Each structure stands twice: as structure tokens, then as C-alpha cells.
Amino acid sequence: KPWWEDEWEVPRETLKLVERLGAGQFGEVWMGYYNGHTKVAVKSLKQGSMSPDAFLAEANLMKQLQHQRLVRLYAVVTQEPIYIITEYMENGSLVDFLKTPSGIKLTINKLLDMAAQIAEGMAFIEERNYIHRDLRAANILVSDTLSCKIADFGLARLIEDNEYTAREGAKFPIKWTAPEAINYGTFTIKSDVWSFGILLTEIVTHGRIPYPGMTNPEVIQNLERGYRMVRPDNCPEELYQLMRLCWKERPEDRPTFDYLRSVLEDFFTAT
């Protein structure tokens, strides 16, 4: 649909950038209000920094992935500067929330609770035939009521024939990314499951960098041997073995996201 018909298009005047949350190479991120009262998050593209089509492809993707456990597209402004307006999450990114006094005080009970909400979010993605490709504590947002949601669908893709194969020279964060995706650039929902495994280490350690004291090559070198991440400090052994399922060598042997949710919920109530 063209902008004058798109239900997600709003006139820029309805918006009001109030507090800048981030500034990067490709644009900025603001906290603002829509029509005076509704708090929202605004992402603006830095004119010329990148393709407007590429910037907008994300919103277009979010129109297809609507769920309670996924950050929700609020609207767009398709004139320059382009805006992508989305649901506001009061407690910011998970990786940061876990480092605050509030986050620090969270029990393993609540840590498992949150892990289960993320997995439930990925289960919806899983079934709708999407992959995320960028799952990590940084890309999980936290609400004022301490609930978690999937965010940043920039790399996310729709899938027909099982897998999406990335460009030839594209590079991804090595620690969080499944071998087959690093090695062959082939992504499946099972690539996401592996990241979830890394995500659980981030949760249980309160946002610590996975594979402590290890460089990427040391990490690649250990995995190829059969090793996986050393049991993180203070980590229920149950949760650790779940981590291992996510880290099985063959993608098809790794669990579904639906199974993961179920498992974590049992871990949650049993405590």
C-alpha cells in the first residue's frame, strides 16, 4: 500500500521527540510521545547514511510479526528524516537491565521466568516461518512490569525452503552465532536456538560477555573440538543441560522453541 493508504503512516506532527536514547552511524533513537500522551520509541535514519529502502524494510517486516511477546510497530514517517515508531519498553535492553540494582536483586525464579517469555516469543517466530538471526540479551527489551520482548528485526527473514543463505562477505557476532551460520552463512530457526543458548548464559550471569577470557578464534577452536561454554558461575545444572541441547552439533538435533518454552515454565513453577 502507498503511504497515503498505509495504516501505519502518521503525519510527523503527531510525534514529539523528548529524550535521545541513542546515536549511531545510521541514525538516532528517541523517547517521545504520540499525540501528547502515548509514550513511544522513535528511530530516525541519518539522511544518506544508508538506503531508506533498507531502513524501512524492518518496519515492513514488523507489520507481519505481531505478537504480545514481540516489540510492536507503532507507525512510520516515510518523508525524510524517516521515522520508525515502535512500542516503548520502560526498562530498556535486557543486557542493561540485569546490571541495575533492580535487575541484580532478581532471583533465579524470575530469571527463569524471563527466559521462558523470550522462548515463547521465538516460538511465534518459529511457527510463522521466520528467523531472527540476531538473538541476544542486547536485543531483548524489558517492560515496566518486568516482562520481556523480542526486538530489532533488521536481520530477520521469511523462509520458504528451510534456510536463508546470507551474502558472501557478511560477518556476524561469532560468540552468539551458530557454526553453520558462521561457516556456511546458512541460517535456520535452529541457528536462532543456538543463540538462545548463549542468551541463557547472558541471563544467568546478569549480562556478562559469553565465553569469558576467550577470543573468537579460541571460541571457534574449542567448539570444533567438542567443547561448549564452561559452566557459568552459579548456574542451575538443569538450566545448563538445556543450554547444551541448544548447542548440539547438528541443527536438526537442537530443540524447538516451543519445547524450550514448555521446559522453562516447568523450571519456573518448580521454584
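Basically, rigid core = biggest C-alpha set you can superpose within 1.5 Å across the two forms. Throughout, we count residues from 1 along the sequence that is shown.
Peer 1: Which stretch is more displaced from the shown form in 9 other deposited structures of this protein, 245-253 or 16-24, with RMS over structures and residues of Cα positions after a rigid core fit?
Peer 2: Output: 16-24, the stretch lying farther off on average in 9 other deposited structures of this protein.
Peer 1: Do the Cα atoms of 154-162 stray more than those of 188-196 in 9 other deposited structures of this protein, or is it the other way round, with the core held fixed?
Peer 2: When 154-162 and 188-196 are compared in 9 other deposited structures of this protein, the bigger C-alpha shift is seen for 154-162.
Peer 1: So which stretch wins on mean C-alpha B-factor, 256-264 or 11-19?
Peer 2: According to the entry, 11-19 carries the higher average C-alpha B-factor.
Peer 1: May I ask you to compare 157-165 and 133-141 by their mean CA B factor in the entry and name the higher one?
Peer 2: Going by the record's values, the stretch with the higher mean is 157-165.
Peer 1: Between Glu237, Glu224, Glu28, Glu218, which carries the biggest CA temperature factor in the record?
Peer 2: The C-alpha B-factor peaks, among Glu237, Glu224, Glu28, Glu218, at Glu28.
Peer 1: Highest recorded C-alpha temperature factor, please, choosing from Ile104, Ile174, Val95, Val71.
Peer 2: Most elevated C-alpha B-factor of the set, per the entry: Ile174.
Peer 1: Should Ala170 be placed in the lowest, middle or highest third of its chain by the C-alpha B factor in the entry?
Peer 2: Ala170: CA B-factor falls in the highest third of its chain.
Peer 1: Is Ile84 in the lowest, middle or highest third of its chain when residues are ranked by C-alpha B-factor?
Peer 2: It belongs to the middle third of the chain when residues are ordered by C-alpha B-factor.
Peer 1: By the record's CA B-factor, is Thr186 among the lowest, middle or highest third of residues in the chain?
Peer 2: It belongs to the highest third of the chain when residues are ordered by C-alpha B-factor.
Peer 1: Please place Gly207 in the lowest, middle or highest third of its chain according to the CA B-factor in the PDB entry.
Peer 2: As the PDB entry reports it, the C-alpha B-factor of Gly207 lands in the highest third of its chain.
Peer 1: C-alpha B factor of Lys46, ranked within the chain: lowest, middle or highest third?
Peer 2: Highest third of the chain for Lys46's C-alpha B-factor.
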